[PDB]
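Visitor: Please find one structure pasted underneath; my questions will follow.
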Amino acid sequence: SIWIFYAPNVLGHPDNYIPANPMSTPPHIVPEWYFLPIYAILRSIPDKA
Amino acid sequence: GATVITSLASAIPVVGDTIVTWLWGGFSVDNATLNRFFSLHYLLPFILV
Amino acid sequence: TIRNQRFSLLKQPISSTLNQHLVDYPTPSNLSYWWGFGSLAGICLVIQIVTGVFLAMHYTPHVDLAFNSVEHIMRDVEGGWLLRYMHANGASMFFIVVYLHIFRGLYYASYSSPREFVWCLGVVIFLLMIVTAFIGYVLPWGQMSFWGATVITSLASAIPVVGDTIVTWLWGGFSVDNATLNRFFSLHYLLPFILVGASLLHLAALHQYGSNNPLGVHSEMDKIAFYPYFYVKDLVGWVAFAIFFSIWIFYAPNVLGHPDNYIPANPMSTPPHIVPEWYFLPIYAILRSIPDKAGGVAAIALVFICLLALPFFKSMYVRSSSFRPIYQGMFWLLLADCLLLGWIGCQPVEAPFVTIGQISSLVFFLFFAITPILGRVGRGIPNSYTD
Amino acid sequence: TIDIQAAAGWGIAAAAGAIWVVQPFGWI
Amino acid sequence: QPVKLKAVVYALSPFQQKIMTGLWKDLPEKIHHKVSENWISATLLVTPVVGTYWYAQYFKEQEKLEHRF
Amino acid sequence: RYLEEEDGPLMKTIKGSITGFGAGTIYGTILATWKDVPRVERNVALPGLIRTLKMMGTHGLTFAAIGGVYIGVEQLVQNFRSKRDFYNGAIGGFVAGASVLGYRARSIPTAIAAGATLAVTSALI
Amino acid sequence: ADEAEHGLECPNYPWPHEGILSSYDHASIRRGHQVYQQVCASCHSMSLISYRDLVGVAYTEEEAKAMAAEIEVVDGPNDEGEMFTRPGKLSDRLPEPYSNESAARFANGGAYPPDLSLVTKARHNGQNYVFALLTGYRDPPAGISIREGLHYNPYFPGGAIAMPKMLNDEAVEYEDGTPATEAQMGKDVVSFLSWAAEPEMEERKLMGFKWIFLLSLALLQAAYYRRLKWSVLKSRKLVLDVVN
Amino acid sequence: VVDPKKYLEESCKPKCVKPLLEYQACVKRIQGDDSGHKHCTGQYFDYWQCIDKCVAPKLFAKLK
Amino acid sequence: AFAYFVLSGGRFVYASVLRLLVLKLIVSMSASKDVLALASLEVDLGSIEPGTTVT
Amino acid sequence: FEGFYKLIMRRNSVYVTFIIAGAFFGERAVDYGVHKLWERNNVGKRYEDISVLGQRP
Amino acid sequence: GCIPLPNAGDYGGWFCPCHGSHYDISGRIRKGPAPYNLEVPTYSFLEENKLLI
Amino acid sequence: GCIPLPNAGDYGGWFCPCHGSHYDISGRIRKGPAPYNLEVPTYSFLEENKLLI
Ligand SMILES: COC1=C(OC)C(=O)C(C/C=C(\C)CC/C=C(/C)CC/C=C(\C)CC/C=C(\C)CC/C=C(\C)CC/C=C(\C)CCC=C(C)C)=C(C)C1=O
Ligand code: HEM
Ligand code: HEM
Ligand code: HEM
Ligand SMILES: COC1=C(OC)C(=O)C(C/C=C(\C)CC/C=C(/C)CC/C=C(\C)CC/C=C(\C)CCC=C(C)C)=C(C)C1=O
Ligand SMILES: COC1=C(OC)C(=O)C(C/C=C(\C)CC/C=C(\C)CC/C=C(\C)CC/C=C(/C)CCC=C(C)C)=C(C)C1=O
């Protein structure tokens, strides 16, 4: 209830309130907070494979 | 977010690009990707149950 | 015995539940091919779910895009014409198999004790199938879809006090519009999963006592394992069903349907002929035989009430129609009556079809009114027919 | 020494099935 | 509750028997058996459908003629 | 030379079956009347009449079967192919003769002979 | 009234594409399309059909490429933000005769010339009805009067159609020299309209013959498998003690 | 040249002589106005249903 | 031996049927024909000032 | 069929491979046969038989 | 909720195809399961040909 | 598949904000997970101020 009624948008990012634009790209492209640890491991290795 | 994760299949050397295009339903993230993501988003929660 | 070591893997805890409920379940050895339609209905449900999930990958539930997305499925996506025809004709095959499954239960009195809960769960499943198939037919947003949804949601107006407010709440407004089509799509994705759960409980209720047999007698002396004897018998039915299904898909994909659904929905002009899918026609006929708004809806509810009260009637202790000549004769008249009602529903509301539909509706309800009387009189058969 | 032959036999089946499901004749 | 039973059963290997020849065997008597036992049932199913269908076509044909000048 | 009819393949089959049943009834009547009665049925009237009615029913059923299957298969062959010749009806006569008369005679060579004779009698028509 | 309300029933014509192993007449599809773009297209849309659809069916790729280039298609907005016009491409749909439904009704006396992309699938006996309707313009029966702007057609429900008769003799010139009689154009146009409603039919029929035949072999094997597993049960001898 | 449909409809008349006469019979009986109410739709439909059935199997043989 | 030979004949069809149905679902998710028809065009451009990037 | 049995049915791995090959080759042969029947029944009706193909002004 | 077709029925008014409700010329129900006559809304004229609903 | 940011990175070229791929003036990858340089399309100069792709 604290999140739903008083902090409904802090757990997300404001950039999702901008309609999708395939031409421009946001300077800060991050997933939801619960995918962040997996995202950091992906970015650590300097190779796509 | 969808442009990146659907591109993870490209790490496969032989069929990586083929899987990426099949996953997209085209040459880019577009209505084909969104429509197929909606159907899967309704089905997976039942599999999770 | 002491299970110190591991014997056959089927008896291990990983697969013991599947082994006892599928591979080694005791089944009467004299089951005919009329007992193979339960697996056919299960396979039809799986086909509908699989084809529907992939069709939902290309369908748009918007009144401005629903019709064109179906046509885009047929014309653009590779093999999309096959998925659409498999799904559209799969709903007809599902109803054909389930209708034959219900009539087997009527002929062999499989609703009787101790299988009352199996029959009652089947009636709930039948209601779920009707609602699921109906709201699916609205999705293409053709002329049939629009005028079909207009009256079914209007059926709630039969209630005097709150009937209008339920209609507007079901519509999501004041007319069948994008709100109606969007909510019908969500429910059409959910109800098929509820159908899966209901069928599993249906299956579980039947396994408590085992299946009935064509002779209707105690069968505990001649039971055999479901695998492989009734697996290979079900496999024959599955291949035969596939040939039947393939004929409709590849050579007559539109015979079991109306061309009016290929016209985009027009809220201004109703079609001269307005009928549901063929498997809803008998219910259509009973609705139109009553010259009253509330009476028509009440008769529809009375159909499912009579189907629910069937197992609980005080009946005789003999099940199979093969030993009940009077009940067997009434069953064939009921089958002919149900065929007549479906044909009547396809006819316009005028003479002589009004009188015929009224008589056919009376005969249908007479079956459920006479069956308890047959049981009470038939109770004294052993005391009157002496050796 | 029959587990090895079992593995080789099943490997041929896996290869045969792979060329059967995916038919990359236009790629080889 | 399991059933106590006293019987003797003799069975033969499936590979020692002909499998399909029995479908086309005593065919005329199967047709006799099917027809002679089920002719009442077929009558009670076909007659109401055909009788009602024929009557409707007869009604519509006379009605169509009555409205013709 | 043929332009006097209203046709109807289903009506054709139904009327052919009816005509065949009538012909079979009359033919069975004649056959029953021609034969004598067995010696143990001469002082009793009822069994002779029962046997006559049974003969009428049996031969009416058989001739109705011929007259229905013949016309039905003839139309089904001429409809699905959509060509009008004596080739259609020849196959219908063959199948009617073979099927029904081999069911009654309980023999394959008799069925073949009946089919051949029926095909010839339709080819001459 | 009674019989005019439903209209006169159309006959059954022997279409070349009827039959379990019968394809479309692709020469008649090309001829039928020329009828559409020269007669029908002035008032009827075909919004579900693209120029690329005709490639490999009735025209070569460059034949349809040139065909699309002949039409003017709205496009934009450009960098300055104005809608402009460009020649058509293979991916473009067939042009619309009118900008909207109301414009169509205004040009046709309040009647809408419906989309013909699925008309043979949107009518009972679609192929036969369309051919019968087009070639079924004749005088009304005695005692029946048609209002101005309406034309008598017995096959149309009610007998009064806002369509005028357009399949007049030599209304089109065929590329192959086929005499363009009314019946000939009527057969070609339904052949083209039939293909547009069901463009997958040829592939569908090939699939059906292949797989119904294959499944019939599986049914024969399914019966052997069932009767092999059950033979030990069906030929068994059971000795019991009871008599009556 | 000449429409094969129109020719075949004319040559099928001897097969539909009975409906044609009945339609002609209706035309005579309705020549009186009676407030613009009588018509011959049914007899017209029966006559053309016979002609159309006669023409259909022979029309497409003359067309390419 | 004869029974195994006959049963393998129907096993040919079953494998083919399973392969067809699975493949038909997979290819249905591939790029549609309307998507593939928009994969080749040409665009002309002009000039920009030095030290800049236009997309 | 015992000679064929001794070569294919002896091991299930070989039998499974035999079924895979039979489905592969059998489907190809049926596909070829169906196409031959399709072509023979539709002579002169294909897109390749249009006389004025490629000759649109 | 269906739309009754015009110039149809047994009373020269409207006929609803869905379940055979007959409305007379004044729109009053005469035959069928419909319980009410067709609803007449508020309307008025302006001079002779401008009807305001 | 992300779009590198112009005038960013430590090589005066393009910086990809997704996983930190750095490209130089020529669009060549120097540091980051990106394996290849930026793809060069087919372009030509019809005149001094006219490109085409
Ligand atoms: C900057 O960039 C990044 C982001 O942006 C902001 C992110 O947000 C994230 C976070 C994302 C994640 C942690 C998710 C990644 C993990 C997974 C598993 C991917 C999730 C998977 C998918 C998206 C794939 C979707 C799945 C399918 C399409 C399944 C396809 C198959 C189907 C439908 C069935 C196949 C059919 C058959 C076999 C036929 C027979 C089937 C029958 C049922 C009968 C990361 C790391 C990132 O770097
Ligand atoms: C979760 C599973 C299901 C999904 C996702 C689903 C989805 C869909 C979708 C998207 C459509 C619209 C596309 C089309 O018109 O072809 C549709 C149509 C339809 N569905 Fe389903 N469906 C499912 C299960 C079922 C079941 C179980 C039934 C039968 C009881 C059913 C009956 C229908 C019918 C009758 C149509 C209309 C067919 C037509 O176009 O004429 N569906 N479904
Ligand atoms: C989703 C659809 C359904 C499925 C999948 C289903 C499945 C099954 C299965 C697998 C069986 C056991 C095997 C058999 O007898 O065939 C069974 C039995 C039965 N079902 Fe259903 N069923 C369905 C719908 C219905 C309906 C609509 C009814 C009727 C109200 C019904 C009534 C019964 C009865 C009475 C039995 C016991 C039959 C007997 O043992 O003699 N079922 N069902
Ligand atoms: C060969 C050329 C054409 C063909 C094949 C064709 C096809 C059709 C078809 C199939 C219908 C549907 C009839 C029905 O709904 O039952 C129709 C209706 C109609 N057509 Fe077209 N069309 C053609 C050209 C034209 C032209 C040139 C015009 C106007 C100048 C036109 C105006 C209309 C109108 C107004 C209707 C609706 C009539 C009504 O509903 O009362 N058509 N057409
Ligand atoms: C001409 O006319 C007619 C049609 O037309 C062509 C028809 O087709 C049918 C066919 C309809 C039949 C047989 C009955 C359908 C039965 C039901 C119960 C459908 C009603 C259900 C609806 C509208 C959706 C259910 C809504 C829910 C559950 C609300 C969701 C709420 C929550 C989850 C909280 C009939 C009778 C008809 O006469
Ligand atoms: C002796 O007993 C048995 C019978 O006689 C009572 C049978 O008739 C059958 C054959 C028929 C069956 C099982 C019909 C049941 C069908 C149902 C419940 C509907 C469709 C089934 C689905 C969707 C499967 C859901 C089940 C699970 C565990 C979820 C995971 C499944 C999938 C992802 C596909 C079997 C196997 C059986 O043993």
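The chains in the structure tokens are called A, B, ... from first to last as shown; in each chain the residues are counted from 1, and the ligands are counted from 1 in the order shown.
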Kindly provide, as a count of residues only, the residues of chain G having any atom no farther than 10 Å from an atom of chain K, counting only C-alpha atoms.
Guide: 3
Visitor: With the cut-off set at 10 Å and counting only C-alpha atoms and all ligand atoms, tabulate each residue of chain C with an atom at most that distance from an atom of ligand 5, showing the nearest atom pair and its distance in Å to one decimal, ordered by chain and increasing number, as a tab-separated table.
Guide:
```
residue	atom	partner	partner_atom_place_in_ligand_line	distance
C:127	CA	ligand 5	18 (C)	7.2
C:128	CA	ligand 5	18 (C)	8.4
C:129	CA	ligand 5	16 (C)	9.4
C:130	CA	ligand 5	15 (C)	5.8
C:131	CA	ligand 5	19 (C)	4.8
C:132	CA	ligand 5	24 (C)	8.1
C:133	CA	ligand 5	15 (C)	8.5
C:134	CA	ligand 5	15 (C)	6.0
C:135	CA	ligand 5	24 (C)	6.5
C:137	CA	ligand 5	8 (O)	8.3
C:138	CA	ligand 5	8 (O)	9.0
C:143	CA	ligand 5	6 (C)	9.4
C:144	CA	ligand 5	6 (C)	6.1
C:145	CA	ligand 5	6 (C)	7.2
C:146	CA	ligand 5	5 (O)	8.3
C:147	CA	ligand 5	5 (O)	5.9
C:148	CA	ligand 5	5 (O)	3.1
C:149	CA	ligand 5	5 (O)	6.3
C:150	CA	ligand 5	5 (O)	7.4
C:151	CA	ligand 5	2 (O)	5.4
C:152	CA	ligand 5	20 (C)	5.8
C:153	CA	ligand 5	23 (C)	5.0
C:154	CA	ligand 5	23 (C)	8.7
C:155	CA	ligand 5	20 (C)	8.1
C:156	CA	ligand 5	20 (C)	8.8
C:166	CA	ligand 5	29 (C)	9.8
C:167	CA	ligand 5	23 (C)	9.1
C:169	CA	ligand 5	29 (C)	8.9
C:170	CA	ligand 5	29 (C)	6.6
C:171	CA	ligand 5	23 (C)	8.4
C:180	CA	ligand 5	23 (C)	9.0
C:183	CA	ligand 5	30 (C)	8.1
C:184	CA	ligand 5	24 (C)	6.9
C:186	CA	ligand 5	30 (C)	9.5
C:187	CA	ligand 5	30 (C)	7.1
C:188	CA	ligand 5	24 (C)	9.0
C:190	CA	ligand 5	33 (C)	9.4
C:191	CA	ligand 5	28 (C)	8.8
C:273	CA	ligand 5	1 (C)	8.7
C:274	CA	ligand 5	1 (C)	5.2
C:275	CA	ligand 5	6 (C)	4.2
C:276	CA	ligand 5	6 (C)	3.7
C:277	CA	ligand 5	8 (O)	6.6
C:278	CA	ligand 5	10 (C)	9.1
C:279	CA	ligand 5	13 (C)	8.0
C:280	CA	ligand 5	13 (C)	4.4
C:281	CA	ligand 5	13 (C)	7.0
C:282	CA	ligand 5	13 (C)	7.9
C:283	CA	ligand 5	13 (C)	5.2
C:284	CA	ligand 5	36 (C)	4.2
C:285	CA	ligand 5	36 (C)	7.9
C:286	CA	ligand 5	36 (C)	8.8
C:287	CA	ligand 5	36 (C)	6.7
C:288	CA	ligand 5	38 (O)	7.8
C:296	CA	ligand 5	38 (O)	9.8
C:297	CA	ligand 5	36 (C)	9.4
C:300	CA	ligand 5	14 (C)	8.5
C:301	CA	ligand 5	18 (C)	9.7
C:345	CA	ligand 5	36 (C)	9.2
```
Visitor: Please, which residues in chain D fall within 10 Å of chain J when counting only C-alpha atoms, and what is the closest atom pair and distance in Å to one decimal for each, ordered by chain then residue number, as a tab-separated table?
Guide:
```
residue	atom	partner	partner_atom	distance
D:5	CA	J:13	CA	9.8
D:6	CA	J:13	CA	7.4
D:7	CA	J:13	CA	9.1
D:8	CA	J:13	CA	9.0
D:9	CA	J:13	CA	5.4
D:10	CA	J:13	CA	5.4
D:11	CA	J:13	CA	8.7
D:12	CA	J:17	CA	7.3
D:13	CA	J:17	CA	4.9
D:14	CA	J:17	CA	8.3
D:15	CA	J:17	CA	9.2
D:16	CA	J:17	CA	6.5
D:17	CA	J:20	CA	6.3
D:18	CA	J:20	CA	9.8
D:19	CA	J:24	CA	9.4
D:20	CA	J:24	CA	6.4
D:21	CA	J:24	CA	9.1
D:23	CA	J:24	CA	9.8
```
Visitor: How would you write, as a PyMOL selection string, the set of residues no farther than 9 Å from ligand 4 when counting only C-alpha atoms and all ligand atoms?
Guide: chain G and resi 35-36+38-44+104-105+107-116+119-120+123+126+129-131+133-134+150-151+155-157+160-167+185-186+189-190+193
Visitor: Mind dumping the selected residues with C-alpha atoms as a PDB file, in the first residue's frame?
Guide:
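File produced: result_6.pdb:
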```
ATOM      1  CA  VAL G  35     -11.810  -6.559 -66.212  1.00  0.00           C
ATOM      2  CA  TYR G  36     -11.562  -5.346 -62.612  1.00  0.00           C
ATOM      3  CA  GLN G  38     -11.074  -1.341 -66.295  1.00  0.00           C
ATOM      4  CA  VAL G  39     -14.681  -1.748 -65.088  1.00  0.00           C
ATOM      5  CA  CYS G  40     -15.003  -2.612 -61.398  1.00  0.00           C
ATOM      6  CA  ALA G  41     -12.195  -0.487 -59.956  1.00  0.00           C
ATOM      7  CA  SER G  42     -13.975   2.794 -60.732  1.00  0.00           C
ATOM      8  CA  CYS G  43     -16.489   2.047 -57.949  1.00  0.00           C
ATOM      9  CA  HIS G  44     -15.276  -1.027 -56.003  1.00  0.00           C
ATOM     10  CA  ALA G 104     -19.047   6.222 -52.108  1.00  0.00           C
ATOM     11  CA  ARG G 105     -22.729   6.462 -51.171  1.00  0.00           C
ATOM     12  CA  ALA G 107     -21.615   8.953 -55.874  1.00  0.00           C
ATOM     13  CA  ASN G 108     -23.920   5.904 -56.108  1.00  0.00           C
ATOM     14  CA  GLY G 109     -27.283   7.278 -54.993  1.00  0.00           C
ATOM     15  CA  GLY G 110     -26.967   6.341 -51.327  1.00  0.00           C
ATOM     16  CA  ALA G 111     -25.700   2.797 -51.963  1.00  0.00           C
ATOM     17  CA  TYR G 112     -22.268   1.506 -50.999  1.00  0.00           C
ATOM     18  CA  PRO G 113     -20.320  -0.547 -53.591  1.00  0.00           C
ATOM     19  CA  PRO G 114     -18.933  -3.064 -51.096  1.00  0.00           C
ATOM     20  CA  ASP G 115     -15.331  -4.227 -50.953  1.00  0.00           C
ATOM     21  CA  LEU G 116     -14.773  -7.141 -53.342  1.00  0.00           C
ATOM     22  CA  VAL G 119     -17.180 -11.141 -51.788  1.00  0.00           C
ATOM     23  CA  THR G 120     -17.158 -14.729 -53.080  1.00  0.00           C
ATOM     24  CA  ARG G 123     -22.145 -14.566 -49.971  1.00  0.00           C
ATOM     25  CA  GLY G 126     -20.295 -17.011 -53.713  1.00  0.00           C
ATOM     26  CA  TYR G 129     -24.067 -15.902 -57.152  1.00  0.00           C
ATOM     27  CA  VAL G 130     -21.596 -13.306 -58.441  1.00  0.00           C
ATOM     28  CA  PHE G 131     -21.601 -14.741 -61.965  1.00  0.00           C
ATOM     29  CA  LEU G 133     -25.861 -11.512 -60.656  1.00  0.00           C
ATOM     30  CA  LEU G 134     -23.574  -9.907 -63.243  1.00  0.00           C
ATOM     31  CA  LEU G 150     -32.692   1.064 -59.350  1.00  0.00           C
ATOM     32  CA  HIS G 151     -32.262  -1.745 -61.900  1.00  0.00           C
ATOM     33  CA  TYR G 155     -30.718 -12.748 -58.125  1.00  0.00           C
ATOM     34  CA  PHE G 156     -30.304  -9.677 -55.930  1.00  0.00           C
ATOM     35  CA  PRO G 157     -32.450  -9.932 -52.772  1.00  0.00           C
ATOM     36  CA  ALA G 160     -33.843  -3.855 -57.036  1.00  0.00           C
ATOM     37  CA  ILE G 161     -30.109  -3.136 -57.234  1.00  0.00           C
ATOM     38  CA  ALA G 162     -28.351   0.219 -57.403  1.00  0.00           C
ATOM     39  CA  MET G 163     -25.728  -1.377 -59.603  1.00  0.00           C
ATOM     40  CA  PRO G 164     -26.254  -0.568 -63.291  1.00  0.00           C
ATOM     41  CA  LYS G 165     -25.422  -3.255 -65.817  1.00  0.00           C
ATOM     42  CA  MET G 166     -21.707  -2.985 -66.585  1.00  0.00           C
ATOM     43  CA  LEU G 167     -20.832  -6.298 -68.285  1.00  0.00           C
ATOM     44  CA  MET G 185     -15.876 -11.448 -68.835  1.00  0.00           C
ATOM     45  CA  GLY G 186     -18.258 -12.649 -66.132  1.00  0.00           C
ATOM     46  CA  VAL G 189     -13.866 -11.731 -63.202  1.00  0.00           C
ATOM     47  CA  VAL G 190     -15.258 -14.351 -60.804  1.00  0.00           C
ATOM     48  CA  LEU G 193     -12.405 -12.577 -57.462  1.00  0.00           C
TER      49      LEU G 193
END
```
Visitor: When the cut-off is 8 Å and we count only C-alpha atoms, which residues of chain B are near chain L, given as a PyMOL selection string?
Guide: chain B and resi 3-4+7
Visitor: Could I get the residue neighbourhood of ligand 6 at 9 Å, counting only C-alpha atoms and all ligand atoms, as a JSON list (two decimals) with C-alpha atoms, in the first residue's frame?
Guide:
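Contents of out11.json, as written:
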```json
[["chain", "number", "residue", "atom", "x", "y", "z"],
["B", 47, "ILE", "CA", 2.76, -22.05, -16.75],
["C", 18, "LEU", "CA", 1.57, -40.57, -13.51],
["C", 19, "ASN", "CA", 1.97, -44.40, -13.51],
["C", 20, "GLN", "CA", -1.08, -45.02, -11.24],
["C", 21, "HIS", "CA", -3.30, -42.46, -12.99],
["C", 22, "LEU", "CA", -2.34, -43.07, -16.64],
["C", 23, "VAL", "CA", -0.26, -46.22, -17.36],
["C", 24, "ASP", "CA", -1.65, -48.83, -14.91],
["C", 25, "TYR", "CA", -5.15, -47.46, -14.16],
["C", 26, "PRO", "CA", -7.67, -50.40, -14.02],
["C", 27, "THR", "CA", -10.14, -50.10, -16.93],
["C", 35, "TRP", "CA", -15.37, -44.42, -24.57],
["C", 36, "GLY", "CA", -12.65, -42.84, -26.72],
["C", 37, "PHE", "CA", -14.28, -39.43, -27.07],
["C", 38, "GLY", "CA", -13.03, -38.28, -23.67],
["C", 39, "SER", "CA", -9.45, -38.33, -24.92],
["C", 40, "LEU", "CA", -10.62, -36.78, -28.19],
["C", 41, "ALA", "CA", -12.14, -33.83, -26.27],
["C", 42, "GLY", "CA", -8.89, -33.48, -24.32],
["C", 43, "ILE", "CA", -6.88, -33.43, -27.55],
["C", 44, "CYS", "CA", -9.30, -30.87, -29.06],
["C", 45, "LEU", "CA", -8.80, -28.58, -26.00],
["C", 46, "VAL", "CA", -5.02, -28.81, -26.44],
["C", 49, "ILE", "CA", -5.03, -23.68, -26.84],
["C", 193, "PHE", "CA", -7.18, -22.39, -18.81],
["C", 195, "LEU", "CA", -11.46, -25.36, -18.78],
["C", 196, "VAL", "CA", -8.19, -27.27, -18.36],
["C", 197, "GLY", "CA", -8.56, -27.23, -14.58],
["C", 198, "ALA", "CA", -12.22, -28.24, -14.74],
["C", 199, "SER", "CA", -11.38, -31.17, -17.03],
["C", 200, "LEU", "CA", -8.66, -32.32, -14.63],
["C", 201, "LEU", "CA", -11.14, -32.31, -11.74],
["C", 202, "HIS", "CA", -13.62, -34.03, -14.07],
["C", 203, "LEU", "CA", -10.99, -36.70, -14.72],
["C", 204, "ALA", "CA", -10.15, -37.00, -11.01],
["C", 206, "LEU", "CA", -14.18, -40.28, -12.58],
["C", 207, "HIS", "CA", -11.07, -42.09, -11.30],
["C", 210, "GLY", "CA", -13.62, -46.03, -12.42],
["C", 211, "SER", "CA", -15.39, -45.83, -15.75],
["C", 225, "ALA", "CA", -4.39, -51.51, -17.52],
["C", 226, "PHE", "CA", -5.07, -48.42, -19.61],
["C", 227, "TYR", "CA", -1.65, -48.76, -21.17],
["C", 230, "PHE", "CA", -6.85, -48.43, -24.32],
["C", 231, "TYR", "CA", -3.93, -46.28, -25.45],
["C", 234, "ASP", "CA", -7.54, -44.32, -28.37]]
```
Visitor: Quick one, how far is CA of residue 209 (chain G) from CA of residue 38 (chain J)?
Guide: 9.7 Å
Visitor: Counting only C-alpha atoms, which residues of chain I come no farther than 8 Å from chain L, as a list in words?
Guide: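 In the required form, that comes to residues 42, 43, 44, 45, 46, 47 and 53 of chain I.
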Visitor: Write the selection just made, keeping N, CA and C atoms, as a short mmCIF file (atom, residue, chain, number, x, y, z; two decimals), in the first residue's frame?
Guide:
```
data_model
loop_
_atom_site.label_atom_id
_atom_site.label_comp_id
_atom_site.auth_asym_id
_atom_site.auth_seq_id
_atom_site.Cartn_x
_atom_site.Cartn_y
_atom_site.Cartn_z
N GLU I 42 15.44 3.48 -51.19
CA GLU I 42 16.56 4.40 -51.35
C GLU I 42 16.14 5.80 -50.92
N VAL I 43 17.08 6.52 -50.32
CA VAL I 43 16.84 7.87 -49.81
C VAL I 43 18.05 8.74 -50.12
N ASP I 44 17.79 9.95 -50.62
CA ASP I 44 18.83 10.92 -50.92
C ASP I 44 18.93 11.96 -49.81
N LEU I 45 20.11 12.58 -49.72
CA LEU I 45 20.42 13.50 -48.63
C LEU I 45 21.27 14.64 -49.16
N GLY I 46 21.55 15.62 -48.29
CA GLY I 46 22.29 16.80 -48.68
C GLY I 46 23.62 16.98 -47.98
N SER I 47 23.83 18.15 -47.38
CA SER I 47 25.10 18.49 -46.75
C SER I 47 24.86 19.06 -45.36
N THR I 53 26.78 15.80 -36.49
CA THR I 53 26.27 14.44 -36.82
C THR I 53 24.75 14.48 -37.02
#
```
Visitor: Could you tell me, as an NGL selection string, which residues of region 109-209 of chain C DSSP assigns to alpha helix (DSSP H) when given the backbone?
Guide: :C and (116-138 or 143-152 or 163-171 or 178-207)
Visitor: Which residues, written as number ranges by chain, have at least one atom at most 9 Å from region 35-37 of chain L, with only C-alpha atoms counted and residues fewer than 6 positions away on the same chain left out?
Guide: A: 47-48; L: 23, 26-29
Visitor: Which residues of chain I have any atom within 7 Å of an atom in ligand 1 when counting only C-alpha atoms and all ligand atoms, and what is the closest pair of atoms for each, with the distance in Å to one decimal? Order the rows by chain and rising number and write it as a tab-separated table.
Guide:
```
residue	atom	partner	partner_atom_place_in_ligand_line	distance
I:22	CA	ligand 1	39 (C)	4.3
I:23	CA	ligand 1	39 (C)	6.5
I:25	CA	ligand 1	39 (C)	5.4
I:26	CA	ligand 1	36 (C)	5.4
```
Visitor: Give me the residues near residue 17 (chain B) as a PyMOL selection string, where near means some atom within 12 Å (using only C-alpha atoms) and where sequence neighbours in that chain fewer than 2 positions away do not count.
Guide: (chain B and resi 6-15+19-24+26-28) or (chain L and resi 1)
Visitor: Could you jot down the CA of residue 240 (chain G) to CA of residue 6 (chain E) separation for me, Å, one decimal place?
Guide: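 CA of residue 6 (chain E) lies 7.2 Å from CA of residue 240 (chain G).
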Visitor: Please identify all polymer residues within 12 Å of residue 57 (chain F), counting only C-alpha atoms, omitting same-chain residues fewer than 6 positions from it, and present them as a list in words.
Guide: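 Returned residues: residues 20, 21, 22, 23, 24, 25, 26, 27, 28, 29, 32, 50, 51, 63 and 64 of chain F.
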